[PDB]
Structure formats: structure tokens, C-alpha cells
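Letter by letter, the chains look like this.
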Amino acid sequence: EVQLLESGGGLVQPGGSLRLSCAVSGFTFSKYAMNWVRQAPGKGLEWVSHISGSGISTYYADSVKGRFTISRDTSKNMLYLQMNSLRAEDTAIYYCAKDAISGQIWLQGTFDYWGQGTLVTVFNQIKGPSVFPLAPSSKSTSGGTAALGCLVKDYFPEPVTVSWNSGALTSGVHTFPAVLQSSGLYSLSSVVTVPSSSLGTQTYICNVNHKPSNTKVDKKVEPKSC
Amino acid sequence: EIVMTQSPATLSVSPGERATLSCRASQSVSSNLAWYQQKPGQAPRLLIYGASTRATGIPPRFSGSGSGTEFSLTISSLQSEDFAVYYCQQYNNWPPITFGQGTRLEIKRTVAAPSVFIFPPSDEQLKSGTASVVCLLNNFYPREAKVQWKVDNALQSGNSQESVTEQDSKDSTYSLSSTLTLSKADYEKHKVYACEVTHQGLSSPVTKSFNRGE
Amino acid sequence: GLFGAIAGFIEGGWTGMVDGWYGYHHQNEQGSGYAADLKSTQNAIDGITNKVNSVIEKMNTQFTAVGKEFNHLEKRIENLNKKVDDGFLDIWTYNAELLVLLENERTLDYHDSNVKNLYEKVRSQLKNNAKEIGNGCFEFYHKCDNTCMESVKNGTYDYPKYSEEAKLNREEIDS
Amino acid sequence: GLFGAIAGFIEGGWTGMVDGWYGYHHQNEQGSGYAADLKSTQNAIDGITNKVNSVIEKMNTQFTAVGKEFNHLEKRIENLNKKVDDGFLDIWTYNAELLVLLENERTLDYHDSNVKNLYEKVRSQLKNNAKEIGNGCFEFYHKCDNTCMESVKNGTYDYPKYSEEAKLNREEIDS
Amino acid sequence: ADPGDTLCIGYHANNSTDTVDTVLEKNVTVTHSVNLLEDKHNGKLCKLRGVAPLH
Amino acid sequence: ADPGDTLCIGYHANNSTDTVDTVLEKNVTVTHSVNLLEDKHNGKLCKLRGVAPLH
């Protein structure tokens, strides 16, 4: 089998530098050309860079020219991507793609094998989230099944992980994808549906983690005005 | 750069049926066109190269055709594993290698009426001076839904953000959250806040509402 | 092939190149594509056209009626007439068959020669500023834009203009 | 050309060289001038002479009187006679025309091949002791006097004798 | 600057299935070919030099 | 010592205007050529095998 392993990704400030490594096994590395393709979070694909089997020829996307540099070490079965002058728009998942054909330049540009990829995040600033409850009050007392949740607001950058009842309650729970507000800060909400005959039998806790800011807030949800 | 347009962005059809995808190019790319499949949480996978030739391990149910500027991809019998996102890419004039924006294949099921719940902001948020009103549409199909905010029975626009979960793996429905963002100053000026939902599963629009008190 | 280019060190033909018989594929920062070397193609098309016309137009016949009629007491001259028609039939059939066989072989060798000369014209132009990577392809040691690419196709490639940059990149690559 | 030398990478012919078909121009400290490679010229002259004689001498005819006389009641055999004379005329005319066309092409390719082999014989002799500067010319990395020049023409060039001096001068030139 | 960029020398091909014969090989598919052998007639008796025949 | 000195390989040319025809090209000027077609006669009736004709 052919395996492509990415590494070297992580968090970095704008203007910083990172270096990726693609571990190659399963084919003659010298015979095939290699590429880097990136995918912004929840977005489409975008080719980044190309290097020929020999290594003399390199091509880059216009937005990364003068900042990114592709290279290979055929004797070590390694493909590298050196990124300097990093930008926030460079935040994406980066895959290394093997070319499907060998020795036919006119038929290149097709990627038959992709690694699972590595993540590069280039934000600038870290802002922790403010967790707010969404109580099932009298206006949310349906009688058969009620709805409650938490509002994770004004945080940056992604990700934020949410679990309910120490990770025990995982059913009928919908953790919405984050939205980018006018303020430039992300915000999501996580909701769960539970029977109305459980508001008092079992308390509900949403677990929020925001590792960049070391946030581990736990929040209680219950009705009010009674 | 060869711009690639891939309409429709989203296509709805039932399992076992047949789906046709379209890829359009701003310039002729001859037959140097590829098709890729990306299941959620997984890397992209090559399906079609040369606009008609299936790659290694591609089952015969996948069909590719076209040349020049108009191209197409066909899945004869659509099985649940193939409800993914498909991309088209040209390799006839590069660099740059250009992809299309992709098409999401969603599973078609029976119309499901949303469950609507409305949440006035928690009192602690008014401590910081911002009001977020959350309206929830739970487990509905199709995703296409109309959500409008009513402040004292007045239509609102340009002040709310929506978020839609991915298609459920067990019931094949969607969930939508509409958050209305308004400063505490504006929030403390009005009385009635309502959430109006119009969906194919409702004979008439449903409205949940609250008041400043209670 | 007699010259080694066609079905030789250039393994296959290009369906993508449609405007000419012999040409180029290029790839630089500005893009890629097929193009045909017009001079070599038109020279070969003129040559083959002259060859076909030569085979056809050198046959110039006059008005003639092949048939002859003999009575039952003229069998010998009837057979003499048959021998003439048969002998001409044998001569023309054998000559026509071998002419097509031999000249078809010459035609394919002609195309093979034209490709080899085209490859060698480029190789003698680029010298060490590019690497011979096989299959008729040259990989440059210096950036060669569209203008530079056309100079190679036009037979006006300026080797000294890029020799220093290629030399530095070649030594770095080989090191 | 089929081999690329004549009207190819050697662009033109030399009116100054008058004693031979293929030869050399040389220039050293002792002077310059044209000289003809006698072996390749005489071999080609022998070859072409044999070709012309083969085309001419293989036609060996006997004594023959083509004419025939028929009276007014012998029109059919008169026309049969005409068909024989006409058929032979058509066969010989077409064959003669194509033979000259095809063999003229072979002759020019022959000269093209002889020039290419002569250039390649020298190039394989000098190797890196000289530079290929185009147009069929070699520029030496070591001094090559008249005796050395004749050794190249005689196919007896002593590459190891000058390899060290050429290597030192080549590296100095390239540096 | 960086090295790179490629130029390739090649020849034409097409979907043609025309086959010719050569002295060394038979049924060689070629991109273009012409027929030197007329093998079709109009199935009619016609006027030589403009003048109709006597039937 | 210093490098230098040059040797060139070339071919003959002359002031000839003789033109021949080839399969690929017409009116190719060549340095030398011969005629295979006799097109001249002495304009006289002569003796075959030494013996004069009967006139």
C-alpha cells in the first residue's frame, strides 16, 4: 500500500514560519511528482504547489509565491513545504498529493492518493468564550419534550468542543457550527432535546473547551421565574 | 487561470436513484478533467481522470462524460456511501491547478415538520450589555426554511445569523439555529420578540414568541 | 523506427496537439499547452503532397481501346492479345504493390527523421541550460517564460543570456 | 534533410573548398585554409559512380526493329501492335520518371549521411578536449598544430595526450 | 531565481483506424492516408469526348 | 598553454545551376548531375552493323 503522512502543522502568528513534512512509502518516489493542496475549514479545495519527480521544476499558486517553498528529498522519501510570511488566510488543512502518472508531463495534474492532512492555524489573537445558558422556561415547556442548551459566544480562534453531562448524554444533541460575527469573533450554540419529565430529575451541564485560551467552563441550565 | 463552475451546489435525490452533476469551464480543457469524492472527515479521493476513465477501485456505477467546456458525472445506482461532496478539477492549462466549488449530495427523505423553540437571552448576558435571542428549528426536512424575526410585530433583517447542522446520519434531517444579535440598549426599548418559521412541513407558518418579563 | 524518435525515445503521439504533425508541449509559470512547430509541419506537408502528386501525375495515358475481336480461326492472335493484356497486368500489379509497400516505409521513416531533427535542434540550442529527462522533454535550469519558449521554437534561443543563472542552479541542484 | 547535417546544423556549403565533396576548415597559429577529407570523398564518389553505372548498365537490349506494316484490312493487328508499343511506352516512362525522383532523394540523403558521420567521427574523437560551437565547428581547449590537425582528419587523435591541458583550460574558461 | 519549466517535443495522433502496408510490417495504423486504387464506377455507359455512344 | 584553434566540418558548393527533381521537392539545385535521357540525334541515316542501307 501507498501511505502519505503529513506533520509539522500547528498554531502560529501572522508573519511566522512553519515547515511541513510528507512521509512517503509505497511507491518509487523518484518516478512521481508531488503536490500540496489545501482546504480552508469547511470550504473547497485549492491547489498550493507542485514539484516534479526530478525536483528542478516547482509551481506555486499566486497567493503563496515568495512565501511558500516546496522541496523533496528523494533519498529519504520526504516531501516538504516551507511557509514563511504566514497569513491568516493561509489557515487550512494541508494535504500532500501524489501524481497519478509518471513520465508524461502533458498528462500530469491528477492526484490519485492523498494523505489525511495536517492543520495550520494562523490567527493573531486569543479570546476566550463566554458561556451562557438557554433555559427551558415556561415558554419552552412543551409538555412532552423540552429543549435547552448553551450559548458559547465571543471566542477566537476555532475550535471549541462541547459535550453534555460529562460526555454521558450524547443523543438528540446538536452542536451548531460556529458563525463569524461582525466583531470578528466566533460564536456557536449547542442544544439538546430531553423529556419534560426530567427538569428536576436530572440536572444538565454543558462542557466547553477552548484550548487556545485554556477555557474549561461548565454551565448549569434550569428554568427560572418560579 | 481557468475558472471552474460546478452547478448545482446542492442536489437532492433518493438512495438507489440516479444523480447528474455538472462541471463548467471558462475555457476549453479538452478531456483533461478529473472528478474527486470527499466524504466528511476524510481526505479527497480520485474517481475520474480524463473526464471518462474510472480510477483504480472505482465501481462501475460511476460515469463520467463531456469535453471542451461542459462536463458531467453520473452515479447510476446511488448508495448511501456516495452521499458526499464531489469536485471537478482541470489539468489542461496549469499552473494554477483549479478546482470547482463542489456539489453536496444530500439524501432525500419525507418532509419533516420542525420543532421550534425560542430563547430570550440569559440575564447574565445583559450584565455585559448584549442581547442574543436564539430560535431553534429541530429535526426538519427539507433544509430549505424561512426564519424571520419580529420585534413588536415588525419585520427584521440584517441583524441575525443562521447556522445549520450537517445532515443527520440516523434520521437524515437538519437542525437550524437563528441568533438575533442586538445591543442591550435596543433590546430594552421593545416588548414583543417573535420567531416566524415557514417550512414545507407546515400548513401555515408557526410563530413562537416571548415578552420582556416572565 | 529507422531514426529512433517515433515509437522510440518519444514513446507516443499527442491527441491533444491537433493543429500540426510535429510540435511542442510547454509548461511555465504562465500555464501549459500544446503547440505545433509550423515550419517543420508545413515543410513535411509540402514534401508529402509533392510525393503523392509525383506518384499520381507521372502516369499520363492517352486515349486507347483495350478490346480486340477475333473470329474462330484467329485463336493464335487472340491468345497473343491475351498475353499482352496479361503481361501488362502482371507488370503493373507487381510494380504498384511494391511501390506502395516501399514508399509507405519511406514515408514513416520521413516522419521519424523530422521528429529527430526537431528534438536535436532544440537540444543543440539549450545545451547544458536544460536537462534531457527523456521522452523528448527538456527541463530547464532557468525560468523560461512564454517569450523564452517562443525563442526556442523560433530557433533564436539566447544561450549566453541565461547561461550564468542555469550554471548556478545546475551546480546547486547537482550538489 | 533526412540526417540533419546538410542544410541543417551545417547551414551552407563551401565554395572555398574545391578539391572534395566533404572536408575541413582549420585555423591554428600556423594559418588557416580548406582541406577535403579524401577517404570520405573517394568512398562517396565510388558509391555514386557505381549507382549511376548500375542504373545505366543494367539496361542491356538486343537488336530489334520496332516498326510493323499492315494493310487496310489489318486494322485490328495494327491496333494490337499500337497497344504493345504504347503499353511499353507507358511502363518505361512512368518507371523512368519515378526511378529518377526516388533515387535523387536517396542521393541527397546519402550526402547528408556522409556529412553527419564525418562530424560525429570528429566529435567522438575530441570528446571534452574541444567545444561544439555549432555550424559543424570545434573550438579546441588545447593548442592543435598542423600535425595535431592531421591526426584528427586521419582518425588518430590522441585524446589522453592533451586531456590534462584541455581539462585545466576548460575549468579555467568555465570558472 | 529558481530553476524549472519544461518543453517537450512530440508528434500528432488521432482516432484514425486507417491501416497501410509497408515492406517491413503489415497493418500499420497511420493518422492519414490516401487511396491510389480506383475501385468504384457509376454503373452507367456514358459519352466519350462528349459524344454519345451508338447503342 | 592558452587554449584555442578551430576545426570545422563542411561540404562542397559551386556556381552550378543544374536542377533536379526529387520525390519530396522540385527544382533542387545540385552541384553535379548527369542526364539519363538521350535527346539528340545526328540528323543522318547511317550504316547498321557497318552495312549501308538500301535507299
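Report follows, based on the coordinates. (Residues numbered from 1 in each chain as written, not as in the entry; some residues may be left out. Chains lettered and ligands numbered in written order. Part of a larger assembly, values for the part shown. Heavy atoms only, no water.)

### Focus: the overall build of chain A
Rules: Here a strand is any run of E in DSSP of at least two residues, a helix any run of H or I of at least four, and the numbering for each starts at the N terminus. Atoms considered for the radius of gyration are the C-alpha atoms alone. The globule rule reads 2.2 Å times the number of residues to the power 0.38. Three labels apply to residues, based on accessible area from a 1.4 Å probe with only protein chains included: buried if under 20% of the type maximum, exposed if over 50%, partly exposed otherwise in between. Contact between two residues is taken to exist if any of their heavy atoms lie within 4.5 Å; hydrogens are not considered. Charged-residue counts in this description rest on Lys and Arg as positive and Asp and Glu as negative, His and the chain ends being excluded. A charge is said to be at NZ when it belongs to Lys, at CZ for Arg, at CG for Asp and at CD for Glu.
A tally of regular secondary structure across chain A gives zero helices and 19 strands. Against the 2.2 N^0.38 benchmark of 17 Å for 226 residues, chain A shows a C-alpha radius of gyration of 23 Å, more extended than a compact globule. The principal-axis extents of the C-alpha atoms in chain A amount to approximately 75 × 35 × 25 Å. Across the 226 residues in chain A, those meeting the buried criterion constitute 50%. Taking contacts inside chain A between residues at least 6 apart in sequence as the whole, the part at least 24 apart equals 59%. Charge centroids of chain A, computed over 18 positive and 13 negative side chains, lie 6 Å from each other.

### Remarks on the interface of chain C and chain B
What counts is decided by this rule: As a working definition, buried area equals the accessible area (1.4 Å probe) given up by two parts on being put together, with both sides summed. A side-chain nitrogen of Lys or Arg and a carboxyl oxygen of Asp or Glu constitute a salt bridge if their distance falls within 4 Å. For this classification, the nonpolar set comprises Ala, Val, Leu, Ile, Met, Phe, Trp, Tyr, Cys and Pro, the charged set comprises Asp, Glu, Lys and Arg, and every other residue, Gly included, is treated as polar.
Across the boundary between the two partners, chain C contributes six residues, which contact four residues of chain B. Here chain C and chain B share an interface that buries about 390 Å² over both sides, 33% of which is from carbon and sulfur atoms. The largest share of the area that chain C buries against chain B comes from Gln 27, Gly 31 and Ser 32 of chain C, three residues that together contribute 67% of it. Viewed at the interface, chain B and chain C are joined by zero salt bridges. Put simply, the parts of the chain that give the side of chain C that touches chain B at least two residues each are β1 (22–28) and β2 (31–36) of chain C. Each residue belonging to the side of chain C that touches chain B can be placed in one class, and the counts come to no nonpolar, five polar and one charged.

### Quick look at the arrangement of the chains
Separated throughout, chain D and chain E approach each other most closely at a C-alpha pair spaced 15 Å apart. The two units chain B and chain F never meet; even their closest C-alpha atoms stay 35 Å apart.

### As for the nonpolar core
Using the following cut-off: What we call a nonpolar core is a set of buried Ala, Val, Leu, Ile, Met, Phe, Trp, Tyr and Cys residues that are connected through their side-chain atoms within 4.5 Å.
Grouped together as the largest cluster of nonpolar side chains are 68 residues, with contacts concentrated most on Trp 36, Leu 79, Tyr 94, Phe 111 and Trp 114 of chain A together with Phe 99 of chain B. Of all the elements, strand β9 (residues 92–99) of chain A adds the most residues to this core, at five residues. Core analysis: the second largest hydrophobic core is formed by 36 residues, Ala 5, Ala 44, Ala 130 and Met 149 of chain C among them.

### Considerations on the sheet that holds strand β15 (residues 154–155) of chain B
Keep this limit in mind: What makes two strands pair is DSSP finding at least two bridges between them.
Read from one edge to the other, the open sheet built from four strands follows the order β15-β14-β18-β19 (chain B), with strand pairing classed as antiparallel. Either end of the sheet is taken by a strand with one partner, and the two such strands are β15 and β19 (206–211) of chain B.

### Remarks on the packing of aromatic side chains
Threshold: Paired rings are identified among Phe, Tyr and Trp, the last through its six-membered ring, by centres lying within 6.5 Å, and are further divided according to the angle between planes into stacked (under 30 degrees), edge-to-face (over 60) and tilted (the rest). Criterion for a charge above a ring: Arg CZ or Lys NZ at most 6 Å from the ring centre, at most 35 degrees from the ring normal.
A full pass over the atoms with the stated rule returns 26 aromatic pairs over all chains. Measuring from ring centre to ring centre gives 6.1 Å for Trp 47 of chain A and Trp 94 of chain B, while their planes differ by 75 degrees; the resulting arrangement is edge-to-face. Separated into two different chains, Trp 47 of chain A in strand β5 (residues 45–51) and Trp 94 of chain B in the loop between β9 (85–90) and β10 (98–99) make up a pair that spans both. Summarising the burial analysis for this pair, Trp 47 of chain A and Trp 94 of chain B share the class buried. An aromatic cluster is present here, built from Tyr 95, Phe 111 and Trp 114 of chain A together with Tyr 36 and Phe 99 of chain B joined pairwise through their rings. One cation-aromatic arrangement involves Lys 98 of chain A over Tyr 32 of chain A; the distance from NZ or CZ to the ring centre is 3.9 Å.

### Description of the environment of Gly 4 of chain D
Tracing the backbone through its elements, the reader meets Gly 4 of chain D in the segment before β1 (22–28). Excluding its chain neighbours within four sequence positions, the residues that come into contact with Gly 4 of chain D are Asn 117 of chain C together with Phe 9 and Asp 112 of chain D.

### Observations concerning the state of the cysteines
Rule in force here: The term disulfide is used for any two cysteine sulfur atoms that are within 2.5 Å.
Considering all chains together, one arrives at eight disulfides over all chains under this definition. Covalently, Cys 144 of chain D is tied to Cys 148 of chain D through a disulfide, its sulfur atoms 2.0 Å apart. Residues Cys 144 of chain D and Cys 148 of chain D are joined through a disulfide that is left-handed, its torsion about the S-S bond being -95 degrees. In this structure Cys 144 of chain D comes out as buried when scored by relative accessible area, which is 0%. Taking relative accessible area as the criterion, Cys 148 of chain D reaches 1% and is therefore assigned buried. Among the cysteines around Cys 226 of chain A, which has no disulfide bond, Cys 150 of chain A carries the closest sulfur, lying 19 Å off.

### Here we look at a nonpolar patch on the surface
Stated precisely, the cut-off is as follows: Residues with no salt bridge and a relative accessible area higher than 30% make up the patches, which join like charges within 9 Å and nonpolar side chains (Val, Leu, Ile, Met, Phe, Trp, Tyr) within 5 Å. We get accessible surface area from the Shrake-Rupley algorithm with a probe of 1.4 Å; when it comes to residues, only the shown protein chains can shield them.
Together, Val 55, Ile 56, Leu 99 and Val 100 of chain D together with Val 34 and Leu 36 of chain F make up a nonpolar patch on the protein surface, roughly 490 Å² of accessible area in all. Looking at the nonpolar patch, the elements with two or more residues in it are α1 (38–57) and α2 (75–126) of chain D. The topology assignment puts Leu 36 of chain F in the segment after β3 (28–29).

### A short note on the interface of chain E and chain C
How we decide: We call two N or O atoms a polar contact when they sit within 3.5 Å, provided that within protein one can donate a hydrogen and the other can accept it, with sequence-adjacent residues counted only if both atoms are side-chain atoms.
Opposite the 28 residues of chain E that make contact, chain C presents 50 residues. Interface of chain E and chain C: buried area, both sides summed, is about 3,100 Å²; carbon and sulfur atoms make up 64% of it. Of all residues in chain E, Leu 7, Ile 9 and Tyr 11 of chain E bury the most surface against chain C, accounting for 29% of the area lost on that side. The interface formed by chain E and chain C includes zero salt bridges. At the boundary of chain E and chain C, one finds 25 residue pairs in polar contact. Broken down by element, the residue count for the side of chain E that touches chain C peaks at six residues, all from strand β1 (residues 6–11) of chain E.

### Topic: the environment of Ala 44 of chain D
All names here are of chain D. Among the secondary structure elements, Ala 44 is positioned in helix α1. The spatial distance from the C-alpha of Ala 44 to the C-alpha of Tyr 110 is 8.4 Å, given a sequence separation of 66 residues. Apart from the residues lying within four places of it in its own chain, the contact partners of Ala 44 are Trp 21, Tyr 22, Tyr 110 and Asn 114.

### Focus: the environment of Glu 69 of chain C
Along the chain, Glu 69 of chain C falls in the loop between α1 (38–57) and α2 (75–126). Spatially, the C-alpha atoms of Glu 69 of chain C and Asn 81 of chain C are 9.6 Å apart, while their sequence positions differ by twelve residues. For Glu 69 of chain C, the residues in contact, after removing those within four places along its chain, are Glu 74 of chain C together with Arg 76 of chain D.

### A look at the pattern of salt bridges
Residues and elements named next belong to chain B. Inspection of the entire model under this criterion finds 31 salt bridges over all chains. The partner of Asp 82 in a salt bridge is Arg 61, and the shortest N-O contact between them spans 2.5 Å. Residue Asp 82 is found in the loop between β8 (70–75) and β9, and its partner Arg 61 is found in the loop between β6 (53–54) and β7 (62–67); the two are separated by 21 residues along the sequence. Judged by its relative accessible area of 24%, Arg 61 falls in the partly exposed class. Taking the shortest distance from any N to any O, the salt bridge between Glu 166 and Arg 104 comes out at 3.8 Å. Here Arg 104 lies in strand β11 (residues 103–107) and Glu 166 lies in the loop between β16 (160–164) and β17 (174–183), a separation of 62 residues in the sequence.

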